[PDB]
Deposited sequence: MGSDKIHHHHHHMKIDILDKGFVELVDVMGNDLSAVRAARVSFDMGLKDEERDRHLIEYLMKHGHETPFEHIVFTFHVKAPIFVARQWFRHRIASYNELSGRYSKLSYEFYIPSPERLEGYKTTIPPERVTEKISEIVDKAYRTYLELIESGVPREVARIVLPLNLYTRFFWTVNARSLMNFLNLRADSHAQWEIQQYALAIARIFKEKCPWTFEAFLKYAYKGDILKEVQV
């Protein structure tokens, strides 16, 4: 499998894929020739005939902090299956470099330490409550937003391109930009013609034209 590490403990892993660039060509024509088929992909992208790209589907396995997953799960045109907090416990601790370009009254390394401290105290409280007989669904409410979760994400190339427009962009939070770069990399590997046509004609973000 194709697996990209994200943040300190996260990842994006390709689980499955149905189709490639020719799946959109076949769907558009309702039925190869490299030059005519690439020309069609570009024609579809430039004129907004996006429905043929829905016949390309991906399944990802993603490990991400809850604050990142909350943003991600806002994308309704997809399928999700997530780990339940009701039925390990790792946390995203930003490195001092996350604060590069910000003027802080305390050194960036003390911000990292303060974050570790509060997650350690939160986690210890959670374990103490669980050991005391408190149900998991109640005890987990003390856990911070940087707690890592895992989910399977099934999405088609059209909804994936919408996700890249919105998340592979400087206005999106830096943490989800990182995940969106890994999504774009896997997408580019499986659908190079669709990805190149997307960048040239439909892509509304900024970071994929620079990175």
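According to the record, the deposited residues with no C-alpha atom in the structure span 1 to 11, 43 to 47, 104 to 106, 231 to 232.
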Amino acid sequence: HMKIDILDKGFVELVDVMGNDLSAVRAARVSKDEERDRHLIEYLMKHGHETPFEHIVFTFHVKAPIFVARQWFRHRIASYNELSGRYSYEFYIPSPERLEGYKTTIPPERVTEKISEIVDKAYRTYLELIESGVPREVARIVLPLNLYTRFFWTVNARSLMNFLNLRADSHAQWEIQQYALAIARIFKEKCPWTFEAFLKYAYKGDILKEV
From here on, numbers count along this sequence of modelled residues.
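We call the rigid core the largest set of C-alpha positions that still match within 1.5 Å between the two forms.
Core superposition of the other structures onto this form places the C-alphas of 78 to 86 farther off in 5 other deposited structures of this protein than those of the other stretch among 95 to 103 and 78 to 86. Here the stretch with the larger average CA B-factor, out of 99 to 107 and 116 to 124, is 99 to 107. As recorded in the PDB entry, 125 to 133 is the stretch of 125 to 133 and 69 to 77 with the greater mean C-alpha temperature factor.
In the deposited coordinates, the residue among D169, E175, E54, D33 with the greatest CA B-factor is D33. When the modelled residues of the chain are ordered by their C-alpha B factor, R150 lands in the middle third.
Among all modelled residues in this chain, the alpha-carbon of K63 has a temperature factor (C-alpha) in the lowest third.
Sort the chain's modelled residues by C-alpha temperature factor and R185 lands in the middle third, per the entry. In the deposited entry, the Cα temperature factor of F198 sits in the bottom third of values across the chain's modelled residues.
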